[PDB]
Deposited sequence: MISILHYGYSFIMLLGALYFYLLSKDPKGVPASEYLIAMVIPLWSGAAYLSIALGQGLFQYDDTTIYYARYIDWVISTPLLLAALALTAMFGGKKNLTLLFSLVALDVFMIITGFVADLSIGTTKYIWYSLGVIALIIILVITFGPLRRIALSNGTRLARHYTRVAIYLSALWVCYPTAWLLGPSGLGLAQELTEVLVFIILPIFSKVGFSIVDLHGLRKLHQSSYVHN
């Protein structure tokens, strides 16, 4: 079942990528860069999850580590944060320093998750905690300085940014929650339960987010 779920996921990622490509052909004022980002996220996640489906992107450590998830997130999650940052900056001057601040925090976050998964006892929760601290700083930037950039770009953009910021932030907190509850953490949730959460969540983050984000930006277009 776990293999089949991952095959299904990869197919949905492909469909998402194709939808974003078709959107890119009639871009409605959204720069090509934002369509490229929207396409890379699901295609990369799709490839990573395909490796799990084929029984390659996981190994035994007694307990199963789905290491292909970290290979996925270390690329897909910084790209999602870049997408969010470019949305805030839409129609205005770019702040690439702030964008790369978020990328740096996020990459660190995913690495702490991988190391935590390879760790046991207190060490696991030290790494997990450092990842959570990274996430809190990302949230502070998202609803603080990055939102202030969004506000500087007008009422309609700021309203859209706030919506996609809440959307992504809601999903963000779900990942480390599922991680902690599942076999990698406290082991309250069964393996199959965790697998389903990390199949369903990413559909909303790797395709859902970009549908909402691109549609909202496209709606701002005159003509």
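Residues of the deposited sequence lacking C-alpha coordinates fall in the stretches 62, 225-229, numbered from 1.
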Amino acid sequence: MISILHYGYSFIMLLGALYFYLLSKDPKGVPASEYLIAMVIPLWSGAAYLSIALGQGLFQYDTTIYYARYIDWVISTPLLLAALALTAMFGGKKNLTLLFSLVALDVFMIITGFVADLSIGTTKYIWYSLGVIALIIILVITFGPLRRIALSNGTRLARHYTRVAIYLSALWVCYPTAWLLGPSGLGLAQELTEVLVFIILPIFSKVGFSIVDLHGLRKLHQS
From here on, numbers count along this sequence of modelled residues.
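In the comparison with other entries of the same protein, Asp26 is given coordinates in all of those covering both sides of it, so it never reaches the one-third threshold.
Judged by the one-third criterion across other entries of this protein, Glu194, modelled here, is also modelled in every one of those that cover both its neighbours. The question of which stretch, 114-122 or 129-137, has the higher mean Cα B factor is settled in favour of 114-122. Higher mean CA B-factor, judged across 62-70 and 165-173 from the recorded values: 62-70. Sorting the modelled residues of the chain by their CA temperature factor places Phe204 in the middle third.
Sort the chain's modelled residues by C-alpha temperature factor and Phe20 lands in the lowest third, per the entry. In the deposited entry, the Cα temperature factor of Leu54 sits in the top third of values across the chain's modelled residues. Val30: CA B factor in the middle third of modelled residues in this chain (values from the PDB entry). Annotation for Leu157: CA B-factor lies in the middle third of the chain's modelled residues.
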